[PDB]
Each structure stands twice: as C-alpha cells, then as structure tokens.
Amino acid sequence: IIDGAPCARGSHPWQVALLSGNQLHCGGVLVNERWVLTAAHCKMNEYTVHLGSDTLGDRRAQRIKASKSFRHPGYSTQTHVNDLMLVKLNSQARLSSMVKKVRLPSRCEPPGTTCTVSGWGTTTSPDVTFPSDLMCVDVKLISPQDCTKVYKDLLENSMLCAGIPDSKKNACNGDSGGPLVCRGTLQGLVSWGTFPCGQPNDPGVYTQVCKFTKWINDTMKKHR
C-alpha cells in the first residue's frame, strides 16, 4: 500500500496473507472456515495462510496450510482478466473476534463510492519496503468510461478501478488478492496497476467481486 497508514486494530478480521513458507506472497480474504478468496496471479503449488493478526509474522497468529487452489476458468496469465482464485484450507480456520468471514456483496457499488483497500504489500516503489502492520488507504471507485481513458485495451469488463485524483495512494506488489471494501461489503480484490507504483492518476485495478458471486458460491459448493 502506497501513501497509506496502519489499518485500525482489529478492523480487518477477514484479511489473510498467503505466504510462501513464511514469506509474504499475496493478500487474501476469508470467505468461510475452509476458503480464502484471492487473486489468480497469486497461484502457487501450496500456501501457508496467516490469519488473526494485523501484524504479519505475529508469532501468535493462526497459520494454516493450503494445498488446493482454483483459479476462475476465464483467468488469463496474459491480460489478468478474471483475476480471482479460491484457496481451500487443509483444516478449518478458527473463527473469533479477530478471524471473521468477509461480507460478500449482493450489488455493485457505484462510481465515486469511497472505499478502503488494505495489505502488507510494499509501501515504496520501485525500492521495496515491507511493513509489519497491515496498511490501509481510502480510494474512490472510478467509472469504466473514465478508467478506459487511462488503460484503454488493458481494461476488461469485470475489472474495477479506484484511486484518488493526483494522488499516490494505491496498492502495490504484495497487496494482490487483498480486500477493497466499500460501505460494508467486499467490492474488489487487488489485481494490478502501473509500475512503479503510486503514479498519480494511474488507478489501481481490482477484480470486481459483484460480478463473481455466482462462481464463488458454486465453486465452494463443488469442492463440497
């Protein structure tokens, strides 16, 4: 997260981190006791899931191994369209005041809506600086017509843009799969942006979750 600040303590109980061993790979969100929702470009053979603490690497944080993951069938490693994936935990997560299921959307929030994106991604770019505390930044949803002016052919229908005019506030490497919450529901998952990160007027791009609830629900039902 670029130009942000530590998220409010305990305000993101559904935020998880996908680790490679004990090293940050991507962010993610807890859907239920057995599933984490994240970005498809974060695909790995297996993962270690961090839950229950705003401090990445917290010795007292819950840790669960995940061996199975399933990317949306329409995902492209080329364009990153449909950049979402479901990761199945090997054992069910222990829910508590600090580990909760995220609230999935029933509708899409309109352009201009103020939202919050979080993650343990780098706070600087290209030079990397990884925070120990979960970082947050508020951004506003940008209409597709307005975002297309910037990204043109890079933009696809199920991608959602968000940012603040003339501001560096944005997501960066390590934040993928992370939550973009607007007025109580998960509206996006961090997907991509420009490099270096934080270039003013270059919106952050997210997978628009309100377009995928059917797939998310059916996929979980499928793997029991």
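We call the rigid core whatever largest set of C-alpha positions still superposes within 1.5 Å between the two forms. Heads up: residue numbers just count along the shown sequence, starting at 1.
Core-fitted comparison in 8 other deposited structures of this protein shows that, between 52-60 and 181-189, the CA atoms farther from the shown form belong to 52-60. Across the superposed structures in 8 other deposited structures of this protein, aligned by the core, the stretch whose Cα atoms lie more distant on average is 141-149, chosen from 141-149 and 100-108.
For the pair 66-74 and 178-186, the mean B factor over Cα atoms is greater in 66-74. Relative to one another, 124-132 and 106-114 have unequal mean CA B-factors, and 124-132 is the one with the higher figure. The entry assigns its greatest Cα B factor, within the set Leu86, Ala93, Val81, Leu141, to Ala93.
Sort the modelled residues of the chain by CA B factor and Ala40 lands in the lowest third. Residue-level temperature factors show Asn32 in the highest third of its chain, judged at the C-alpha atom.
Residue-level temperature factors show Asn170 in the lowest third of its chain, judged at the C-alpha atom. The entry lists a Cα temperature factor for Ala61 that places it in the middle third of the chain's modelled residues. In this PDB entry, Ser53 carries a Cα temperature factor that places it within the lowest third of its chain's modelled residues.
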